[PDB]
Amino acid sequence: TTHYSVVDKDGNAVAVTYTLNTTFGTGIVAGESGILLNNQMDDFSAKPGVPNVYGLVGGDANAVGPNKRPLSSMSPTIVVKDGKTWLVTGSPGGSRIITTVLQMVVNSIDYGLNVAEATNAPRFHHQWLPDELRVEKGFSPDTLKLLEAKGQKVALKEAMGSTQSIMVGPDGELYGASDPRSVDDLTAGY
């Protein structure tokens, strides 16, 4: 999955998240078209109670069915402040997309972090099942100790997501930030 954001001179905004699902999808190119084919079918619940590649589970609602669109977690998002487009964001990450984007919103609104600060800040995540509070490096040992004492099952794992965001000032100035988690990414304007 990959996400990108765009804001033009007129103030129009677009947030796009699209994917083949896993990296390179099935790895299958469709004949001589040069087009790689997605493995999005894994987003359906294959059987009630059995997790898919992201540890997500389902039942009837997300069961496989003809012509049905498998449930996604993709969240291209736009936040409005004082009636104007203010934050344009999104990110890849399968089940973690929801929490990654949530943190971008909380970091911006509650913690008053600029878009770059919010982007570079560490992330944590809990998806009910499995029952573990996943964290990236970056949190204080003192803080993790308190969380474990509260009963959280802290698990240090690999970096999560790749936010590509744009914050819009009320005066029209654009502020952007590419995730440090993705080498070779870029946010640029004119």
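Start at 1 with the first residue shown and count on from there.
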Can you tell me which stretch has the higher mean Cα B-factor, 32 to 40 or 136 to 144?
136 to 144
So, looking at the entry's B-factor column for Cα atoms, which has the higher mean, 64 to 72 or 147 to 155?
147 to 155
Going by the entry, which third of its chain does the Cα temperature factor of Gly93 land in?
middle
C-alpha B factor of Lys47, ranked within the chain: lowest, middle or highest third?
highest
Could you look up the Cα B-factor of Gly11 in the entry and say which third of the chain it sits in: lowest, middle or highest?
middle
Going by the CA temperature factor in the PDB record, which third of the chain does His125 belong to: lowest, middle or highest?
middle
